[PDB]
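A short write-up of the structure that comes next.
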Amino acid sequence: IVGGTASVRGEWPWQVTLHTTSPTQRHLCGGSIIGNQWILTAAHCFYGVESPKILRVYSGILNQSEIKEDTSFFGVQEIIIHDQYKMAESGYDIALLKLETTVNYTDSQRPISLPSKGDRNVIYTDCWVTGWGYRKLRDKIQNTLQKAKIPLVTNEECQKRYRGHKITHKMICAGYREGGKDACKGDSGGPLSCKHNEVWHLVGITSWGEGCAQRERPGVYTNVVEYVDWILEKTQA
Ligand SMILES: COC(=O)Nc1ccc(-c2ccnc([C@H](Cc3ccccc3)NC(=O)/C=C/c3cc(Cl)ccc3-n3cnnn3)c2)cc1
Ligand SMILES: *[C@@H]1O[C@H](CO)[C@@H](O)[C@H](O)[C@H]1NC(C)=O
C-alpha cells in the first residue's frame with residue numbers, strides 16, 4: 001500500500017495473508033474471508049502455484065513477523081479460478097480458496113459481506129484498500145498490515161486513463177487523480193472494503209494498475225457485485 005498507515009489488531013478481520021511454502025515460505029497475496037470455509041482472492045495469484053497443498057491461509061494476523069512454525073493456519077482443499085480468466089487486465093480476475101476446515105469466527109477473524117445486488121445504484125464513499133504490499137514500486141513486503149482510504153473513480157474516467165486496456169463493467173477503479181495512495185505489489189487479491197450503512201462490504205478485489213499511486217492512473221479492482229452469482233454457485237458446490 002502506497003501512502004498507507006498501520007492497521008491495529010482486529011481492525012480488518014476478513015483480511016488474510018496467503019502464503020506459498022514452495023520453494024520457501026513467503027507471502028504471496030491478500031484475500032478475504034467470505035464464508036465458513038471460503039476465501040475470495042485474485043485468480044492472477046495462482047500463476048506459479050503447483051497445487052493447493054503448497055498454500056497456507058493465515059487469518060487474524062496483523063504482523064507478518066507473527067507467522068512462525070506453530071502459528072495456526074488454514075490449509076486449502078481446492079483453488080477455484082474463474083473459468084473465463086486469462087490475464088488480470090482482461091478481467092475475470094477472481095478465485096475462491098476452499099479451506100480444509102471451517103473457520104470459527106472471532107474478533108480477529110470473521111467474514112465480510114458481499115455487496116448487495118440491490119446496492120448497484122449505491123454510491124460508496126468510505127472505501128479502504130488494505131495489505132502487506134510494497135510502499136513504492138521497488139520496495140519489500142511490509143510487516144504491519146497497512147490501510148489507505150481511496151475514492152472510487154467512474155468506469156468512464158478510468159477508461160480515459162487506460163486507453164490500451166478494456167475497463168469493463170466487471171471492473172471498478174479507485175485512486176486519487178493527484179496520486180499518492182493506492183495498492184502496490186503484494187496487495188493483490190486483498191479487499192477493497194467499503195463501509196455502507198455501518199456494514200462493511202467487499203466491493204473490490206485488488207487486481208492491477210499501471211505503476212503504484214501514480215497521478216491519473218487509478219488502481220483496477222475486480223467488481224465483486226458482478227460476480228455474486230458465480231460466488232454463490234461455487235460456494236454451494
Ligand atoms: C517475502 O515475500 C514477498 O516478498 N512476497 C511478495 C513480493 C512481491 C509480490 C508481487 C510482485 C509483483 N506483483 C504482484 C501482484 C501480481 C501477482 C502476480 C503473480 C502472483 C502473485 C501476484 N500485483 C499486486 O500485488 C498489485 C498490483 C497493483 C494493483 C493495483 Cl489495484 C494498483 C497497482 C498495482 N501495481 C502496479 N505495479 N505494481 N503494483 C505481487 C508478491 C509477494
Ligand atoms: C470451532 O469451535 C468448536 C467449539 O468450540 C470446536 O469444537 C472446533 O474444534 C472449532 N473448530 C475450528 C475449525 O477451529
Side-chain angles (χ1 to χ4, degrees), residues 1-4 17-31 33 35-38 41-49 54-60 63-65 67 72-75 77 79 81 85 87-89 91 93 95 99-106 108-110 127-143 146 148 150-153 158 161-162 165 167 171-176 179-193 203-223:
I1 305 289
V2 181
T17 166
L18 175 62
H19 280 220
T20 177
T21 68
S22 169
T24 55
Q25 198 180 320
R26 58 174 203 138
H27 168 85
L28 176 59
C29 272
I33 298 167
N36 65 354
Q37 59 180 346
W38 295 102
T41 184
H44 75 246
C45 290
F46 305 102
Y47 184 79
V49 177
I54 68 153
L55 297 180
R56 289 187 170 189
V57 176
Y58 292 94
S59 58
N63 294 326
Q64 293 282 336
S65 61
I67 296 171
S72 184
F73 66 91
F74 296 92
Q77 257 195 80
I79 302 164
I81 295 173
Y85 173 75
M87 72 190 283
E89 301 81 354
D93 194 8
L99 306 173
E100 278 175 357
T101 80
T102 56
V103 179
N104 278 342
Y105 305 147
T106 72
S108 64
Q109 63 190 40
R110 60 87 156 179
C127 302
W128 296 75
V129 64
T130 49
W132 290 272
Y134 288 18
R135 286 200 105 247
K136 66 184 184 294
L137 212 52
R138 193 239 174 87
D139 200 25
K140 48 175 191 71
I141 293 303
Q142 301 302 291
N143 186 50
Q146 304 284 305
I150 61 175
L152 302 184
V153 173
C158 190
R161 311 304 187 205
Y162 290 118
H165 305 281
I167 308 308
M171 295 170 182
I172 192 157
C173 306
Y176 291 93
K181 291 182 139 71
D182 177 30
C184 205
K185 298 184 164 189
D187 291 317
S188 67
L192 174 62
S193 306
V203 169
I205 301 165
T206 304
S207 181
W208 63 275
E210 182 185 309
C212 302
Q214 293 306 293
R215 290 182 66 95
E216 295 169 358
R217 290 297 181 270
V220 187
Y221 299 78
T222 299
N223 189 5

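FYI, side chains are in, hydrogens and waters are out, and symmetry mates aren't considered; it's all heavy atoms of this structure. Each ligand, and each atom within it, is numbered from 1 in the order the structure gives. Position 1 is the first residue of the sequence, and the numbers go up from there.
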For this session: Please determine, by modelled atom types, if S65 and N143 share a side-chain donor-acceptor pair under 3.5 angstrom.
Result: yes

Exercise. For ligand 1, which part of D187 has a heavy atom less than 4.0 Å away: the side chain, the backbone, both, or neither?
Worked result: backbone

For this session: Check whether any side-chain N or O of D182 sits under 3.5 Å from a backbone N or O of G175 as a donor-acceptor pair, and report yes or no.
Result: no

Problem set entry | Sub-4.0 Å protein heavy atom near atom 1 (C) of ligand 2 | yes

Exercise. Has ligand 1 got any nitrogen or oxygen that is less than 3.5 angstrom from a nitrogen or oxygen of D182?
Worked result: no

Seminar exercise, completed: For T102, the ligand 2 atoms with a heavy-atom partner under 4.0 Å come out as 13 (C)

Problem set entry | atom 14 (O) of ligand 2 protein-contacted (non-hydrogen atom, under 4.0 angstrom) | yes

Problem set entry | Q37 side-chain N/O to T101 backbone N/O, donor-acceptor pair under 3.5 Å | no

Exercise. So, do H44 and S188 sit near enough that their side-chain heavy atoms are less than 4.5 Å apart?
Worked result: yes

Problem set entry | Contact check: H27 vs ligand 1, nitrogen or oxygen atoms, below 3.5 angstrom | yes

For this session: Kindly compute the distance separating CZ (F46) from OG1 (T41), expressed to the nearest 0.5 Å.
Result: 5.0 Å

Exercise. Going by the atom numbers of ligand 1, which of them fall below 4.0 Å from some non-hydrogen atom of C29?
Worked result: 21 (C), 22 (C)

Seminar exercise, completed: Per-atom filter on ligand 1: closer than 4.0 angstrom to a heavy atom of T206 are 29 (C), 31 (Cl)

Problem set entry | Heavy-atom donor-acceptor pair, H19 side chain to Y58 backbone, under 3.5 Å | no

Seminar exercise, completed: ligand 1 to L28, heavy atom cutoff 4.0 Å, flagged ligand atoms 21 (C), 41 (C), 42 (C)

Exercise. How about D187 and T206: does a side-chain donor come under 3.5 Å of a side-chain acceptor?
Worked result: no

Problem set entry | Main-chain N/O of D93 paired with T222 side-chain donor or acceptor, under 3.5 Å | yes

Exercise. Of all heavy-atom pairs between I150 and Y221, which one has the smallest distance, and what is that distance?
Worked result: CD1-OH, 3.2 Å

Exercise. Starting from atom 15 (C) of ligand 1, which protein heavy atom do you reach first, and at what distance in Å?
Worked result: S188 OG, 3.3 Å

Exercise. Quick one: does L192 get a heavy atom under 4.0 Å from ligand 1?
Worked result: no

Exercise. Would you call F46 a ligand 1 contact, heavy-atom distance under 4.0 Å?
Worked result: no

Exercise. Short question: side chain of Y105, backbone of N36 - any donor-acceptor pair under 3.5 Å?
Worked result: yes

Problem set entry | Main-chain N/O of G209 paired with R217 side-chain donor or acceptor, under 3.5 Å | no

Exercise. Between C184, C212, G211, which one has a non-hydrogen atom sitting closest to atom 33 (C) of ligand 1?
Worked result: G211

Seminar exercise, completed: If we number the atoms of ligand 1 from 1 as shown, the ones under 4.0 Å from a heavy atom of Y221 are 31 (Cl)

Seminar exercise, completed: For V220, the ligand 1 atoms with a heavy-atom partner under 4.0 Å come out as 31 (Cl)

Exercise. Can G186 be said to touch ligand 1, with heavy atoms closer than 4.0 Å?
Worked result: yes

Exercise. Of all the non-hydrogen atoms in the protein, which one sits nearest to atom 9 (O) of ligand 2, and at what distance?
Worked result: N104 ND2, 4.8 Å

Seminar exercise, completed: the protein heavy atom lying closest to atom 3 (C) of ligand 1 turns out to be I141 CG1, 3.3 Å

Problem set entry | Short side-chain to backbone donor-acceptor contact, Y176 and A213, under 3.5 Å | no

Exercise. Can you tell me if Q109 uses its side chain to pair, donor with acceptor, with the backbone of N104 under 3.5 Å?
Worked result: yes

Exercise. Looking only at distance, does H44 have an N or O less than 3.5 Å from an N or O of ligand 1?
Worked result: no

Exercise. What residue among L18, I81, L55 forms side-chain contact (heavy atoms from CB on, under 4.5 Å) with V49?
Worked result: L55

Seminar exercise, completed: If we number the atoms of ligand 1 from 1 as shown, the ones under 4.0 Å from a heavy atom of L137 are 37 (N), 38 (N)

Exercise. Which option, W132, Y47, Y134, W208, owns the non-hydrogen atom nearest atom 29 (C) of ligand 1?
Worked result: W208

For this session: Just need the protein heavy atom nearest to atom 13 (N) of ligand 1, so name the residue and atom and give the distance.
Result: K185 CG, 3.9 Å

Exercise. Which bit of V129 is near ligand 1, meaning a heavy atom under 4.0 Å away: side chain, backbone, both or neither?
Worked result: neither

Exercise. So, the side chain of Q142 versus the backbone of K140: is there a donor-acceptor pair under 3.5 Å, distance only?
Worked result: yes

Exercise. Just to confirm, does any protein heavy atom lie below 4.0 Å from atom 7 (O) of ligand 2?
Worked result: no

Problem set entry | Nearest protein heavy atom with distance in Å, relative to atom 1 (C) of ligand 1 | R26 CB, 3.8 Å

